[PDB]
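J.: Make a model of this:
(4 chains)
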Amino acid sequence: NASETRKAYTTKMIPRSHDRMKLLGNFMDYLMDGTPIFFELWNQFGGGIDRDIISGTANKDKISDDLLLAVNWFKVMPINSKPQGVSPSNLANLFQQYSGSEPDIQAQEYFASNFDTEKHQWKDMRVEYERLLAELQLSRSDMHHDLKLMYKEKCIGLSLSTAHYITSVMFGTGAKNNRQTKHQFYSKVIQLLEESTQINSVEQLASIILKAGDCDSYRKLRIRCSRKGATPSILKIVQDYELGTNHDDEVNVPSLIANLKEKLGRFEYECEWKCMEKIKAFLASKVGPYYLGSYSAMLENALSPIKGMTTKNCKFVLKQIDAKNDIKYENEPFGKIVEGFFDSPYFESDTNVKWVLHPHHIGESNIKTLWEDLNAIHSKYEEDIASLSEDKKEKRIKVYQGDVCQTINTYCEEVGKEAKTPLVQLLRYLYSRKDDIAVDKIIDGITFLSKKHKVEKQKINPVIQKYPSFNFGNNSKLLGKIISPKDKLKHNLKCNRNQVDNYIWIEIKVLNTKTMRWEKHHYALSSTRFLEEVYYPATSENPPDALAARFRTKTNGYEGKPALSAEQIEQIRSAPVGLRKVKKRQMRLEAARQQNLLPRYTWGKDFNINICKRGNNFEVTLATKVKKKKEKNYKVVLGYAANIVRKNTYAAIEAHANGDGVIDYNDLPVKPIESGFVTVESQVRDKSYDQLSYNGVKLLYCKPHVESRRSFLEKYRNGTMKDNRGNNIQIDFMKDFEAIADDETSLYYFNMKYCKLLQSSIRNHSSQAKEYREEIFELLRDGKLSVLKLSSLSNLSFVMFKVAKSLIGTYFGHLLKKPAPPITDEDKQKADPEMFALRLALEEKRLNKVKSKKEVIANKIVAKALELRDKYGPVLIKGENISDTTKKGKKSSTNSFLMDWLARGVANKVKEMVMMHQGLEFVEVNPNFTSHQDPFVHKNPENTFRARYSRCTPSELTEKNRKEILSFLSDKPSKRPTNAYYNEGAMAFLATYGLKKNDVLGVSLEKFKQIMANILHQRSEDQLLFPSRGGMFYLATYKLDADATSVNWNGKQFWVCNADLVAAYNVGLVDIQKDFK
RNA sequence: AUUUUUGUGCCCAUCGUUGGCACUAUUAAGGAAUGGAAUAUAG
DNA sequence: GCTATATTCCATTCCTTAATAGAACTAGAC
DNA sequence: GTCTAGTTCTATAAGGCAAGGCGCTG
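T.: Numbering: from 1, shown residues only, chains lettered A, B, ... in the order given. Let me share the structure:
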């Protein structure tokens, strides 16, 4: 029920004397250079593992003694690594030779794993182990003795101990406790418990431990049996009894005996090493004298990839075995028939090169409907010619042959509308062998080919060394500390300096590479965020209390916007533009402390100092653990719906509600509390712009720029295109340009759209790429209305960045060609560095735009939950669980559109953020039917689904809308469950407006519009509702949307609400019962 | 231990009135997608 | 009606999963 | 009295498929 997370603060290193920063850098260089030594050594230790080393263990979970050995003996690593490479063919032979037996299925699957042949190769770690023995002159029996002890101590194997512990037991020369003493003592405790198994009091239990230890006190007991180290749980019982905090605690004799029996194995030996002195000597030669902190720090970096990749690879092998078990090899013959397409005459290749077949190549399970249509044509064609005795009807069948093509051609094109277009030739070939293979078998065969290729291509994880980071702290690490604010105050008072500053100091014990001795030194850091939320001190007496959350942030209740003195204001106006932003923040900081507005921050040695040295740059990070206690007594449920182009929404439901609006949900009283859209507003001149929806200024205020763009297009407005045998069409892009140049259009849409048109222009003028160069810089870079200068967090702004990157791609590709060595970033940078920089600037800008959107959306969701929690109580935030949206069976455009969703990225941020607050919990839920369920009716107790609707005026009606509505009236059946809702909803539209299909069907759009206008005018309404997939509105039984208007739909009264607001309620209601007893 | 000029970023035809905001860091691989140039296909 | 399938070669993005960011202690050194 | 620099510590159920959850713009 205890949760732990870390909050990190990045900082800037504020340098000191070159010589002072040189000493720190030299130390950092020392740990980094040494780290690869431990990695090579531990890999070698892994090679020494054998059956006599892992005989009778827990072997983690669902693992095989063989797999544990194979992962240690053989690893996939870079080709240029020191360990000798081995061919995958010899893996089984080497395993048998070392093992003395053949490898099992798990070991075999491991060897079978895919990897990049060009970048990595298998390495024989066993051979590396021999190198250690030969190089260090070690007895095989002696190293084996040490290896066995290391395994018991968790220095090697599946579950590893901390680097600090491993270094201490392996290389420590400090006084160690006597294991024999603990072993007799633990056995005696077990013995008395067996002798008196019915005790049910801690008091009886504490007496037994003391009897076992032959002592009257825990202190005396600890001195004899566990002289040094943390207190064991058994002794902890005696201790807590003396302080009387465990008197009423439940006693379980079997468990105490069982836990004690498990810990017995570790005390059968005294840890007397035989090769540690030699090994320490080799290490000393390569990394210098043994120190616990330095050796431990290097080992931690070395051990992480070795231990982590072993865990990941074992899970991977087990998953792969299961995936292979899932494949139906019994369907392999059917796959052969389907795969026979390449050898048929329906597929033609110059080099006869085939490719993998997937379900989307036949339209997945739709081929079943198509087969039926084909059979009806065939059965009708048989009867026709059976009762068409007259000969010379070759055309009858020839006509039937043509009908088959059109049936397939229609099928492919129809499936192609909402998905990838299936292959006509493949389908024609399959119909030829219709007698040969059943249709269901075809799907099964095509699925087997696709599934087997996917599982077979999965790659193993290579073992790659880490780029090291070193940690300084109060305990179990390199000694380090952040000077405390009180210490800071004292320091400045003793130096006769101003009481407060904006710099942070740390004192860390560092090694002098020259003297090879430890020294403590001070280093200065700078991090306004750390100062504001932690470090700056509340000097005033009677300062506000520390917040429930430690950090002093706006979300935590500290507004931090105090009245500024005129002297402070001058400093901001006075400061250079580069420093104005930081100074204003500091001035407010000094203002809130001066005005006693700064809340206190409780200080503890809770901050870790992480230092990373890249070149001469030092990256110091301060991170602290944040503890939280789970609270499962939720009173409010906050649902979150995530959208790509529309606004995200949230809805809160009160639980165990009693009041005017209470609804009884399956015996649970709930009250919809509120719903809303997630928007991030930024103020400008008493004007606020939502960062998630702003699409840019209208063109009329951008007339020079739009006209400036027009002048360039005019020079290259001559573009040729060929469609439907339309070669040398002499297409004009400027016509298309004006369509987007309307003053009513948003700038971002214009800029994104202009990029595409420019993209097409370059395609026509392939040898005139160079000319667009300067226009691109003004469009994306230098221009005042350039993409880099103005952009929002809206979906359209992101697409604009997408098109801009593609456009640069086109300019580079066209810039180089035949009139073959391949173009690389090196060539493009050489050919055009400025443009190359522009691509990087756009990439870096988009990544910073994406990080922000995730953080700002996360804060709004967390802020609402915190607001609801204070008024009502513990809140459970629920978000849709979105996964596997990008698939190869979907159109690339659909996949490209889906990539910008960011739902998982936002949820991970919310999930991480929720961990810092008590009374807040986050879980993901199934999003199935969340857009079509009538909230608070559906599942109370009946199933209630309704279609999404669009609203517009008769002039706004489009042919697409007209077609959509009719399709819904089709009697053709569908696998999509939601299809029923649209047909049912489409029925209401005819019923509600007194129409008949004949009026909608076979009617010009214009005439259809007139019909709809005459009805609306009679009813005194200007807008009409129609069911549209992805519709903006939902007819809800309840008034979930505050701006909803009641309407009578087909004899029923519903509230027209934003569909997204409805969805947020639906998300909250998914498995709502499980959340409450 | 004193640097006094900066933690990282986000928004805007008006870049400031004290403009308005937000935020866990790192390592490494893997999975699934995308862009551009082109080739082969069937229209 | 932006033709679609597939492939090659150069680049990208969004996300997941293995890790790091130790706790409690005391003999002996200030 | 504190603090450092080393040691040892741990604590031990629920559907199958696959659609659903997303947007366009002329």
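
J.: how about stretch A:812-819: buried residues?
T.: Neighbour counts over stretch A:812-819 (16 or more other CB atoms under 10 Å) mark A:812, A:814, A:815 as buried. Any C-beta I mention is one placed from the backbone N, CA and C, and that applies to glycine too.

J.: Which ones among those residues also lie next to DNA strand C?
T.: Taking CB under 7 Å from any atom of the strand as the test, DNA strand C is in contact with none of those.

J.: Adding secondary structure and distance to RNA strand B, write those out as a markdown table.
T.: Listed next are the buried residues of stretch A:812-819 as a markdown table, based on DSSP: H, G, I helix; E, B strand; the rest coil; distance: CB to the nearest atom of the strand, whole Å:
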| residue | secondary structure | distance to RNA strand B |
| --- | --- | --- |
| A:812 | helix | 6 |
| A:814 | helix | 5 |
| A:815 | helix | 9 |
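
J.: If you count neighbours, what's buried in stretch A:819-839?
T.: Buried residues in stretch A:819-839 (16+ other CB under 10 Å): A:828, A:832, A:835, A:836, A:838, A:839.

J.: so what's residue A:1026 up against?
T.: A:949, A:950, A:952, A:961, A:964, A:965, A:986, A:989 (CB atoms under 8 Å, 6 or more residues apart in numbering).

J.: change it to 10 Å
T.: A:947, A:949-952, A:957, A:961-962, A:964-965, A:968, A:985-986, A:988-989, A:992-993, A:1012 (CB atoms under 10 Å, 6 or more residues apart in numbering).

J.: Residue A:902 too?
T.: A:642, A:644, A:648, A:793, A:795, A:798, A:850, A:853, A:854, A:857, A:882, A:909.

J.: hmm, 7 Å instead?
T.: Shown in contact with residue A:902 (CB atoms under 7 Å, 6 or more residues apart in numbering): A:850, A:853, A:854.

J.: can you check residue A:85 too?
T.: The contact partners of residue A:85, by CB under 7 Å, 6+ apart, come to A:79, A:121, A:122, A:123.

J.: Domains in chain A, by residue range?
T.: The record assigns chain A these domain ranges, following automatic domain parsing: A:2-15+A:470-558+A:596-626, A:18-174+A:296-323, A:179-267, A:330-457, A:694-850, A:948-1075.

J.: Including distance to DNA strand D, could those domains go into JSON lines?
T.: Formatted as JSON lines, the domains of chain A follow (distance: least, CB to the nearest atom of the strand, whole Å):
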{"stretch": "domain A:2-15+A:470-558+A:596-626", "distance to DNA strand D": "5"}
{"stretch": "domain A:18-174+A:296-323", "distance to DNA strand D": "2"}
{"stretch": "domain A:179-267", "distance to DNA strand D": "2"}
{"stretch": "domain A:330-457", "distance to DNA strand D": "6"}
{"stretch": "domain A:694-850", "distance to DNA strand D": "5"}
{"stretch": "domain A:948-1075", "distance to DNA strand D": "3"}
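
J.: Identify the residue nearest residue A:845 in space, chain neighbours excluded?
T.: Leaving out its chain neighbours, the residue that sits closest to residue A:845 by CB to CB, 6 or more residues apart in numbering is residue A:788, at 6.2 Å.

J.: what's the burial count for that neighbour?
T.: The number of residues packed near residue A:788 is 17, by other CB atoms under 10 Å.

J.: Against residue A:842, how distant is it?
T.: 7 Å (CB to CB, to the nearest Å).

J.: Pull up the overlap in contacts between the two.
T.: Counting by CB under 7 Å, 6+ apart, the residues touching both residue A:788 and residue A:842 are residue A:780.

J.: Next, the buried residues of the lengthiest helix in chain A.
T.: With secondary structure taken from DSSP state H, chain A has its longest helix at helix A:833-871. Neighbour counts over helix A:833-871 (16+ other CB under 10 Å) mark A:835-836, A:838-839, A:842, A:846, A:849-850, A:853-854, A:856-862, A:864-866, A:868-869 as buried.

J.: same deal with stretch A:693-706?
T.: For stretch A:693-706, by 16+ other CB under 10 Å, it's A:693, A:694, A:695, A:696, A:699, A:702, A:705, A:706.

J.: Which parts of the stretch 701-850 of chain A are strands?
T.: Listed in chain order, the strands of the stretch 701-850 of chain A (DSSP state E, counting those that start in this stretch) span A:718-719, A:731-732.

J.: mind listing what the first one pairs with, with the direction of each?
T.: The one in question is strand A:718-719. strand A:731-732 (antiparallel) (DSSP bridges).

J.: residues making contact with the partner strand?
T.: A:717, A:719, A:720, A:721.

J.: Next, find the distance separating the nearest residue to the second one once chain neighbours are set aside from residue A:265.
T.: What it means is residue A:719. If the residues on either side of it in the chain are set aside, residue A:719 comes closest to residue A:764, at 4.3 Å by CB to CB, 6+ apart. Computed as CB to CB, the residue A:764 to residue A:265 distance reads 78 Å.

J.: Between those two, tell me which one has more neighbours.
T.: Higher neighbour count among residue A:764 and residue A:265: residue A:764, with 15 against 12, using other CB under 10 Å.

J.: Please look at that one and residue A:722 and confirm they touch.
T.: No - assessed by CB atoms under 7 Å, residue A:764 is found out of contact with residue A:722, at 11.2 Å.

J.: Close to RNA strand B: what parts of the stretch 701-850 of chain A are there?
T.: Close to RNA strand B, as judged by CB under 7 Å from any atom of the strand, the stretch 701-850 of chain A has residues A:701-702, A:723-724, A:759, A:762-763, A:766, A:784-785, A:789-793, A:797, A:805-806, A:809-810, A:812-814, A:817, A:845, A:848-849.

J.: Name all residues that make contact with the residue nearest to residue A:845.
T.: Going by CB under 7 Å, 6+ apart, residue A:788 touches A:780, A:781, A:841, A:842, A:845.

J.: Report back the residue of chain A that's furthest from centre.
T.: Distance from the C-alpha centroid of chain A peaks at residue A:390, with 69.4 Å (CA atoms, centre = their mean).

J.: That one: what secondary structure?
T.: coil (DSSP: H, G, I helix; E, B strand; the rest coil).

J.: So residue A:479, which state does it fall into?
T.: strand.

J.: re earlier: let me know the closest of the contacts of residue A:788 to DNA strand C.
T.: residue A:842 (8.3 Å; CB to the nearest atom of the strand).

J.: So that closest one sits against residue A:801, correct?
T.: Yes - counting by CB under 7 Å, residue A:801 is a contact partner of residue A:842 at 6.0 Å.

J.: Next SSE downstream of the longest strand along chain A?
T.: Using DSSP state E to define each element, chain A has its longest strand at strand A:617-629. The helix or strand immediately downstream of strand A:617-629 is strand A:636-641, counting by DSSP states H and E.

J.: who does that next one touch, helix- and strand-wise?
T.: Under the contact criterion of 3 or more CB pairs under 7 Å, 6 or more residues apart in numbering; DSSP states H and E, strand A:636-641 touches strand A:649-655, helix A:833-871, strand A:875-880, helix A:1059-1068.
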